[PDB]
């Protein structure tokens, strides 16, 4: 019963209502608006909740799902790279997980700069990329890892671990098993880096807005939300958090498209069922 078609239909019904309620109006006070004529939103109808926005010129949100704290964002536009790097550095980012594939990044029509696999200078910020490990996730899917060193006069230099799912499929979802492996890798990578900051006495450890994993695909609502949901199920502090709760939390804190596709919700439901976690709130 709890994972049957009726329960699943009720879950989808609740979530569809929420998506509709959260749809952005023109100049919606709930959503971040572009300053002037520079593009803010990569996709016109995928907007950034104002109250949880990380920076005034990025489409990026703080999200807390149960006890699990992250940042979800869109793939930065070329014009946003300096601001995006400053976000990454100021956050003392313990892991950046990029779920857009190499093939997507190479597709010039998508306007996704290869900002983490190449070195470059963006305004005042210079960035160096180095390749590190490669970790298989299952089904031939590979996580390629990097360290991104971000340098800027007047700022402390920050190095950010990157997990890039370079061969993420482009028109289907990855399985629950691959998602679980990816969530574990991302969480573990973050824990190692967070620990380094704690050992050094960084003030960021005490700041709820910092030390957050940063996750994006192209829009930051599909693959990204599937991963964030899996991460929250990987956190033993989140007992009794339902699938309804987690998807509602993501939507209210970013936008109504979080968990964009039914295929992605299917994975979250399967992960929840494996844990005996509820789908719905009573």
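Positions refer to the first chain, counted from 1.
J.: Comparing 9 to 17 with 265 to 273, which stretch shows the greater average C-alpha B-factor in the deposited entry?
T.: Here the higher of the two C-alpha B-factor means belongs to 9 to 17.
J.: Output the stretch having the higher mean C-alpha B factor in the entry; the candidates are 236 to 244 and 32 to 40.
T.: Per the PDB entry, the higher value belongs to 32 to 40.
J.: Going by the entry, which of 224, 67, 26, 47 has the most elevated CA B factor?
T.: Within the set 224, 67, 26, 47, 26 shows the top C-alpha B-factor.
J.: Kindly indicate the residue among 79, 74, 189, 176 with the greatest C-alpha B-factor in the PDB record.
T.: By C-alpha B-factor in the record, 79 ranks first.
J.: Splitting the chain's C-alpha B-factors into thirds, which one does residue 109 fall into?
T.: Top third by C-alpha B-factor.
J.: Would the CA B-factor of residue 55 place it in the lowest, middle or highest third of its chain?
T.: Highest third, going by the recorded CA B-factors of the chain.
J.: Ranking the modelled residues of this chain by C-alpha B-factor as given in the entry, is residue 145 in the lowest, middle or highest third?
T.: Answer is lowest: the recorded C-alpha B-factor places it there.
J.: In terms of the CA temperature factor given in the entry, to which third of its chain does residue 181 belong: lowest, middle or highest?
T.: Ranked within chain, residue 181 CA B lands in the lowest tercile.
J.: C-alpha B factor of residue 129, ranked within the chain: lowest, middle or highest third?
T.: Residue 129: CA B-factor falls in the middle third of its chain.
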